[PDB]
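Read the structure below first, then the notes.
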Amino acid sequence: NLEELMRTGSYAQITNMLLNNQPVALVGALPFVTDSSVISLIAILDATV
Amino acid sequence: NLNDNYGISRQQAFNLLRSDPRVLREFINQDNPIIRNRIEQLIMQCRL
Amino acid sequence: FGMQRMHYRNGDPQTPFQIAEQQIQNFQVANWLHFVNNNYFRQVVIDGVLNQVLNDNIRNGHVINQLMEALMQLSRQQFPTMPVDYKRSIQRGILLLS
Amino acid sequence: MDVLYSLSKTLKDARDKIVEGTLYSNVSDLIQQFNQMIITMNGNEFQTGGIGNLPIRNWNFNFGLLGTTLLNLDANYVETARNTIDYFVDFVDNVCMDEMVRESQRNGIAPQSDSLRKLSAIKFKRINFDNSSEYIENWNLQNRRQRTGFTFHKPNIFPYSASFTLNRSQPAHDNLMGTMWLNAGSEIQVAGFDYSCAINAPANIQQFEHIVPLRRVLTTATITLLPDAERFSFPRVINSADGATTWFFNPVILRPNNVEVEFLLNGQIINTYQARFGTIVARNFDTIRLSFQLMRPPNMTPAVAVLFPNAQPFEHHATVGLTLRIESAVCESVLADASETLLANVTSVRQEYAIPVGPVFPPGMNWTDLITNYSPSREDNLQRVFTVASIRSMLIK
Amino acid sequence: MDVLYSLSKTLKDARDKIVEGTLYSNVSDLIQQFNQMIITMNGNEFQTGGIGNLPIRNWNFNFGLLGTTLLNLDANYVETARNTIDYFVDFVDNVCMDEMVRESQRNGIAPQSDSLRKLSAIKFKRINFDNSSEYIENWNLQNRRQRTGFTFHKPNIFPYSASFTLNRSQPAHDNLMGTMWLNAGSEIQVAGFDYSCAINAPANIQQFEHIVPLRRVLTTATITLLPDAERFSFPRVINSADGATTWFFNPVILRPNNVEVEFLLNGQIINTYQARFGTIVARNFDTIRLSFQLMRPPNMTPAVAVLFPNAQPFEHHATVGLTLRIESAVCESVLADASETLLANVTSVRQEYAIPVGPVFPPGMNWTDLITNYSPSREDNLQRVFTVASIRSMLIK
Amino acid sequence: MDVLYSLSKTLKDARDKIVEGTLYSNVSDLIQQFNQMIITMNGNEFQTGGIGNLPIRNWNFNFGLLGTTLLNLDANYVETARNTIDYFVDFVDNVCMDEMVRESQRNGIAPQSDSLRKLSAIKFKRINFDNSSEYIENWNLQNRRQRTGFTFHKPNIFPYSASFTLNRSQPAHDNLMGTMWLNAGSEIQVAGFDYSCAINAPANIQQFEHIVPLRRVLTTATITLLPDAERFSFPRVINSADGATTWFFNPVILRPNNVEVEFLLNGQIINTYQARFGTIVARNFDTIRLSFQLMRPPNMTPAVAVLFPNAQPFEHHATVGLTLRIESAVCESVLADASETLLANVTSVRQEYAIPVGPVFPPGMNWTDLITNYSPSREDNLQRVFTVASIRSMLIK
Amino acid sequence: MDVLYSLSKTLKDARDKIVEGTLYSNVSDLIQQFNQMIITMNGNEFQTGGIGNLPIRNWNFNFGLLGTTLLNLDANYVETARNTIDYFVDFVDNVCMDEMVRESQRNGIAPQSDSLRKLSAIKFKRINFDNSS
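Chains as they are written, first to last, in PDB author numbering: chain q, 734 to 782; chain A, 729 to 776; chain r, 440 to 537; chain l, 1 to 397; chain k, 1 to 397; chain j, 1 to 397; chain h, 1 to 133.
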């Protein structure tokens, strides 16, 4: 939960899950940026955020 | 067995140790089963 | 509670609150008085360091409910042998704190 | 009464949960309750003993408090708690020991020891953890007159009495017709015998029956029926009803027919089973009646003619056997059961310290004579002493 | 189903933990559970009974809440809780009794009374407090189809069969060689008899064997084995196989030789015991086969020399015996025992309200006829009714 | 050792109480304990097994925590909990299986397997929830030198040994007088026989004495006493003392006279009873002595003169005896009982995986052989194996 | 050889003199010796057995450090000391059992078991202690 993530300020589980490159799922409200370039599609830039 | 099951005070026990006839008879007349059985066995002993 | 004022002598081994505890049979205030009577610093040791800490019951904020209930019990009490305005002010201040 | 149970349960819980490495959020309530208990018991003298050989042992309470705010109860906590745990263990053991040897023809439920009578006051009534065991719940329900109940496994409900009945007899003791039975504890063994196989009787069938009352009512009782005899089949040399001489008994087992068992309640029959063997179920009764008959076979083989002559001199004799065992049942009043360890505890506390023979109990908990004369005063005192015994049993195994 | 057990456990804790004077710290979770239960149950309507002798009872749930203050409970709080506790107890008892007397041929696991079916809705799931008893845990683990397990104290698995067989027979009934056995509850008492004293048989050894199939598979069975049988050891008069007359049986006990006890499973000899007595353990078994041999005494003294003449006229017979008793058992399916009393309560309510007999249960809820043909549907019905009985026994003792 | 018990308790509580829909207020402690134990278990790879058919398996723990945001648990949270609970169940089962099989002569209290030794590290002591079962408490009290106990129903202490003693004997076995007794399970059948009916002995009364010593001190025991003979009251053939000849035994039953029972500790008279029948209680004993008399009635009848002639040729011999049962007992050491599942569990574990026999255990864990020569080292190993067996059985019922 | 005796003597002294209540001055040398032994033995592994029916066992040393500044040791210090004292006792028992059953024709004075060969290295010689035996 992103709500809990912001509320409690903890980052332990998420950091360890992401560092070891393991599947994760986040549920919560997020603004989106629309990119419609196939250059961005081929050159992976959807995970560097 | 008498001191374990039945209740004996200290003076009563002291008199029973001396085998005084009075305390023994007063206990006998109270229909105590163990001592009556003991006396019955002792009577049965004298069979010549 | 319509009882004589507590004649007392300074320096007794027992605090006056103990005498209050063993003289009032109104369950709410008696229980609250007992809790205050035996409320003392708890001697604990943490990581080789000596400390004095409060009891758990007050720590979570629960004794305030007991105090409020006792005060509300005192609010509607008869309060005999007391003048009018003094009693009214006393019970209204008690209601204010409750 | 219940304050002693609270003391025992709190002490056991403290001995259980208070170990190394535990999280305080898991034992916080127990620690707080223990602190409140030691707070309450502080500053109150106690005297116990003075009857029989029990040494008078005073008791005082000047002890410290246990802290609250920790993340793991370190060795300091357990080491400090062990001393007061031992002291309270000894105190409650002595108090309950004193309680368990007091009786009274009146007020048979109220406390009858100085410690217990002092504890039943209201200032000590701040400490009552819960009522988890069956006996404390039954006591509290009896305090408010509700529908109670005790669970048992083969209780000792029947007194020992090896009595026998004769119907047709003579001082010669050569042609008899009667019954024997042996009711020991939870087992009932009833056997009926004929010395003639009803050859002289009408319709070649002779009637047998037996009636046994119950000292107290029983509900939801499990009974098993086995059509045989295990104690009345071997040859037996027993005495007469007047002890003049002895009589011979050499039986042969024959399968009984018309085996009818009725469970009867207050002059009314509730459960009636005919020839159904195995496990049976009855729900409400206060007396047990069994009926059965012996039937001479219509045709015979030579050996039967050997062992069953028409003439008066009989060598072999006939009988039938039944077995009635009560495995599990529920009663209203407390029953002295050998499934638990209560009667053993009361006998141990009695015989260990030589208590005077009270005017309300039989001498030395003779359960046979005790149950032969069950009385409401006796049942109240027995319930109280057994409850205190079970309270004691949770601390000193 | 689980909601019913949650209600039972919550009610028991409420009635046996809320006593005047107790600290709030030991009842916080219970207070929250009670408040949730009342705030969820209020406003509904329930109907129950209407079948047989149970009148249609209508229940309305409308009660207040419980205050979160008064750190120490007073008697007024106790009585306010007690009123709702009594009402809930009555409702639960009546619902359980209504459910206990309804059966179906298929899908016996699912409830049948309208009360439980309504309680299995979605919004009532909020009260699913906990699961601690054996039956509730086993039910909830069976719902996920995992390994099942029960513990029994001397169960009753063997169906009643007082059957006998004759290997060698003649219409004269004076020359027999066979075996007799009894299957009564947890007791197996087999015996092998001979009239010829094995003089005719080669090697002077008369082979005896017997097979008893169990209707269900047991695990971790402790078996007490004794070399002597105390049933077929007395003179008896027995009807013939087909039945036209009565033959005689005069036994003498001899020491069994080369006693072999094997526990099998689907044709595999798993556990073996040779010439051993006392106690044995079978890890997993479903069939029992026993073998023992009658041995003619190679040497004789005058008395036994005259006991067995070398010719056909036989005045005495020879017989060996064995005794097998199941001490404790663990089974994958529900059963009826001699310690637990759930079957007793089921039969008690059954005969209290005299509900008509369904085609899935033999009359009277008898155990022998039920175990004669143990079907999976009857097994599921037994499991459901026993779980409901265990739920009931936690409330009304 | 208590670490494994704490882990098992936490796992069972998590698998039971954590169900779909329970309010969060009832699982705070459980969730905290689960989070702490899963935090501690991280970063510790484990290897299990290594002896016997049990395969060597590897373990590694990397699992996330459980959130504390939801107010009521949903299905997804329940399933996520189940996923880890199942793996921990498998781990604890493997650890228990590895621990049970192994044994040693020294350090019978210290662990033997690798997993238990590794759990004894300091960082792993941070997991401990409660010690509520009787076995873990007895283990702790034995660790810290305190008096312990177990409530055992029908315990086996008397090894199976059918022995007899003859005081009067003949090479032709035509005139004998002696005693026969059996010690099986929790049953004591002792009987004394005379082939002359006490006609030549002084005072026309024959004395019988028999002492049966136990292998472990008992306390607080209730005993059922019946003046009967069961296994020595039927036509029986018995081998000789030298194992060369056989004789004929044909008994009859009278009433034993002056039946006295003694209970002794280290040969000290603690309690006694005279002629009492039904049930008695003894509080401390280790040797049971049976003394009684056989008496000839003074007056006879026509049916008695056949049995007891004054001459040498006898046809029917007299015998009396008693049956003694230990229904309940409490011991300071671990024993085999009827009301638990310890011996079955350990024997099943040993026999299913074909584990070779060690130096301190008999072939196949024969209980009789163990109880014949009970030793303190075997006592300690039995304590350890019983504790781990109970822990394992608390998981898979 | 001497290192094993040093370990045994240090274990004896630790298990004897570490009891709650004693002043810290009585165990200063014991504390220093034990701390040096723990900090030097850590980060290491050993293997023992490999002959007969003795338990072929692998051992790893990664224990922590004991406290140093305490006026009077409480039960926590004693417990955390014993939790490693028992482990060291078991290790010494295993090493001695593996050493005793071995034999050789040549150079019997010198160590033979592989564990004793490894423990004879100079880096462990800091665990040396008194030789009053």
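No residue lacks a Cβ here, since even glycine has one placed at the ideal position from N, Cα and C.
Query: Quick check on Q146 (chain l): does DSSP put it in helix, strand or coil?; Result: coil
Query: What residues in its chain sit with their C-beta under 7 Å from that of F124 (chain j), if we drop five residues either side in the sequence?; Result: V3 and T40
Query: With 16 other CB atoms within 10 Å as the buried threshold, where does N58 (chain k) fall?; Result: exposed
Query: Applying a beta-carbon distance threshold of less than 7 Å, which residues of chain h neighbour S8 (chain j)?; Result: Per Cβ cutoff of 7 Å: no residues; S8 (chain j) is ~22 Å from chain h at best.
Query: Take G64 (chain l) as the anchor and find which of l:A244, l:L322, l:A81 and l:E99 has the nearest alpha-carbon.; Result: l:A81
Query: If we count Cβ pairs, one from each stretch, closer than 8 Å, do we get three or more for the segment 279-286 of chain k versus the segment 242-249 of chain k?; Result: no
Query: Counting only beta-carbon atoms, is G64 (chain j) nearer than 7 Å to chain q?; Result: yes
Query: Alpha carbon to alpha carbon, what distance is there between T22 (chain l) and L66 (chain l)?; Result: 15 Å
Query: At a CB distance below 8 Å, what residues from the segment 467-489 of chain r approach chain h? Give them in sequence order.; Result: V484 and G487
Query: Is the beta carbon of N310 (chain l) sitting closer than 7 Å to the one on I211 (chain l)?; Result: no
Query: Between the beta-carbon of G192 (chain k) and the beta-carbon of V320 (chain k), is there less than 7 Å?; Result: yes
Query: Nearest by alpha-carbon distance to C331 (chain l): which of l:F150, l:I85 and l:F61 is it?; Result: l:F150
Query: Which residue from j:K118, j:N94, j:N72 and j:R216 puts its Cα closest to that of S375 (chain j)?; Result: j:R216
Query: For the segment 112-127 of chain l, list every residue whose C-beta sits within 8 Å of some C-beta in chain A, in sequence order.; Result: none
Query: Just how far apart, CA to CA, sit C96 (chain h) and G50 (chain h)?; Result: 14 Å
Query: Residue range of the alpha helix (DSSP H) that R15 (chain j) falls in?; Result: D2 to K17
Query: Helix, strand or coil for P251 (chain j) per DSSP?; Result: strand
Query: Kindly indicate which three-state DSSP category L324 (chain j) falls into: helix, strand or coil?; Result: strand
Query: Within 7 Å (strictly less), CB to CB, does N733 (chain A) reach chain j?; Result: no
Query: Give a yes or no on contact between the segment 102-116 of chain l and the segment 515-526 of chain r, applying the rule of three or more CB pairs nearer than 8 Å.; Result: no
Query: Taking only heavy atoms of the ligand PLP into account, decide whether any of them is closer than 6 Å to the Cβ of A244 (chain l).; Result: The ligand content of the structure shown is nil, which means the ligand PLP is not present either.
Query: How far does the alpha helix (DSSP H) with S115 (chain l) in it extend, from its first residue to its last?; Result: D114 to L119
Query: Spatial neighbours of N140 (chain l) within its chain, please: CB distance less than 6 Å, with the 5 preceding and 5 following residues excluded, ordered by chain position.; Result: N131
Query: Taking all protein chains shown into account, decide if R102 (chain l) is buried (16 or more other Cβ within 10 angstroms of its Cβ) or exposed.; Result: buried
Query: What residue does the beta strand (DSSP E) around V360 (chain l) start on, and which one ends it?; Result: That residue, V360 (chain l), is in no beta strand (DSSP E); it is neither H nor E in DSSP.
Query: Strictly below 9 Å CB to CB, what residues from chain j border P309 (chain k)?; Result: By Cβ distance, chain j contributes nothing, its closest Cβ being about 14 Å from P309 (chain k), past 9 Å.
Query: Tell me, please, which residues DSSP counts as bridged to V281 (chain j).; Result: j:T222
Query: With a CB to CB cut of under 8 Å and the five nearest residues on each side skipped, what residues in its chain are close to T301 (chain k)?; Result: none
Query: Do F88 (chain k) and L11 (chain k) come within 7 Å of each other at the CB atom, strictly closer than that value?; Result: yes
Query: Do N731 (chain A) and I762 (chain A) have their C-beta atoms closer together than 7 Å?; Result: no
Query: Go ahead and pull the three-state DSSP assignment for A229 (chain j).; Result: coil
Query: If you draw a straight line from the alpha carbon of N60 (chain l) to that of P356 (chain l), how long is it in whole angstroms?; Result: 28 Å
Query: How about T84 (chain j) and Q189 (chain j): are their beta carbons less than 7 Å apart?; Result: no
Query: Between the Cα of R738 (chain A) and the Cα atoms of l:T220, l:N138 and l:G52, which residue gives the shortest distance?; Result: l:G52
Query: Out of k:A229, k:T287 and k:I56, state which residue places its alpha-carbon closest to the alpha-carbon of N266 (chain k).; Result: k:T287
Query: Looking at the unbroken alpha helix (DSSP H) that takes in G43 (chain k), where does it start and where does it end?; Result: No alpha helix (DSSP H) contains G43 (chain k), which DSSP labels as neither H nor E.
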